[PDB]
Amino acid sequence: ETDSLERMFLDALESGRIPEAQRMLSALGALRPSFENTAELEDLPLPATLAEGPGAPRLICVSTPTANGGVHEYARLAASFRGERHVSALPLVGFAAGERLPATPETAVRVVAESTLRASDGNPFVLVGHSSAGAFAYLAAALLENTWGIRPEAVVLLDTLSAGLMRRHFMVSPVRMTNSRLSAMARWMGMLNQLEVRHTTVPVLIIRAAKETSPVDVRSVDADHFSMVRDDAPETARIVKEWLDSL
């Protein structure tokens, strides 16, 4: 299509008309079939193994809720761990054409927490999330601790917030933004916005990108929000490995 929703979304982002594109994709969002509970699904999302190794704890990465997001997001990051430890990434359900979307915030966190558990293979694990994925990684850790009394060893956040940023994500698997991806993005981002904050007791690392305007540690990487999981992935990875070894 010359008039694809991908084209018109990208148009509206360049024109800073992000509120109108906002109202559009969530109205599309609202028309998608929903699940309230993971028992309604044929299967949980399948983890993609991105690295292997004998080190521990393994890393489980949450895809960002962006229409071009997916397991590919962590391939470069995972490359610095090749041979050193297991790294997997989780797709988010609803971004492929026949998939249902989470009906409530709680359902969205649960589905992340359940697919995390499966990816773990029963082994000690840490949850990682870049950017918008970090809140989901973080609340998935909290929900696992509070619901099943299963604690991740840690959570690692790659420049996550507590705009033009949305714009530059899409301005930079150069994946095609299908209708389902774009509507799934609206739904998941809309859930993010309504997530109830909750405490995890497991160690948390916030890696901050030095180029940008319950026990918590903070480290800085010589990178921007985007380069931290691209060109500068090795610096990010090394901070992660060194923080995890200091536990």
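The first residue of the sequence shown is number 1, and the count goes up from there.
Visitor: Which class describes the count of deposited residues lacking coordinates between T213 and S214: none, 1 to 3, 4 to 9, or 10 or more?
Guide: Going from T213 to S214, the model skips 10 or more residues of the deposited sequence.
Visitor: Pick one of none, 1 to 3, 4 to 9 or 10 or more for the number of deposited-sequence residues not modelled between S162 and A163.
Guide: The entry has a long gap there, with 10 or more residues left out between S162 and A163.
Visitor: Which wins on mean Cα temperature factor, 145-153 or 67-75?
Guide: In the deposited entry, the stretch with the higher C-alpha B-factor mean is 145-153.
Visitor: Can you tell me whether 127-135 has a higher mean C-alpha B factor than 76-84 in this record, or the other way round?
Guide: That would be 76-84.
Visitor: Between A119, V93, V172, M177, which carries the biggest CA temperature factor in the record?
Guide: Top of the list by C-alpha B-factor: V172.
Visitor: Quick check on the deposited entry: does the C-alpha B-factor of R187 sit in the lowest, middle or highest third of its chain?
Guide: Bottom third by C-alpha B-factor.
Visitor: Place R110 in the lowest, middle or highest third of its chain's C-alpha B-factors, as listed in the PDB entry.
Guide: For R110, the deposited C-alpha B-factor lands in the lowest third.
Visitor: Among the chain's modelled residues, which third holds the C-alpha B-factor of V240?
Guide: It falls in the middle third of the chain.
Visitor: Rank-wise, by C-alpha B-factor, drop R181 into the lowest, middle or highest third of its chain.
Guide: According to the entry, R181 has a C-alpha B-factor in the chain's lowest third.
Visitor: By the recorded C-alpha temperature factor, relative to the other modelled residues in its chain, which third is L59 in?
Guide: Its C-alpha B-factor, which the entry lists for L59, ranks in the lowest third among residues of this chain.
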